[PDB]
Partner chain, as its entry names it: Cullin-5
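A single chain comes next, written as structure tokens; it is the form solved without the partner chain.
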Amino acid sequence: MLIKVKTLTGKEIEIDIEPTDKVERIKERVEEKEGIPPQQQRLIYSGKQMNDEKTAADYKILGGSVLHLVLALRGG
């Protein structure tokens, strides 16, 4: 199922992943797309940060779901 991840800048990145594809898979897809580390990316959905342990299915993310991507890293 295709989806749409909104970048912190506002650009909508179109991708395709299965409900079984864990967040870690989605993140990796984003990196290969724009060119940024996934571990730093943050998938926000339903006002809840998607944990790498979870998966699209858990977030009932259907084809066309709008995922809010945000930056997240240590140091501060």
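Residue numbers count along the first chain shown, from 1.
Just so you know, the form solved in complex with the partner chain exists too; it's not on screen, but the next bit is about it.
In the bound PDB entry, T9 approaches the partner chain with a heavy atom inside 4.5 Å.
Remark: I3 does not count among the residues lining the partner chain in the bound PDB entry, judged by a heavy atom distance of 4.5 Å or less.
Residues of 26 to 52 lying near the partner chain in the bound PDB entry, listed in sequence order, are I44, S46, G47, the criterion being any heavy atom within 4.5 Å.
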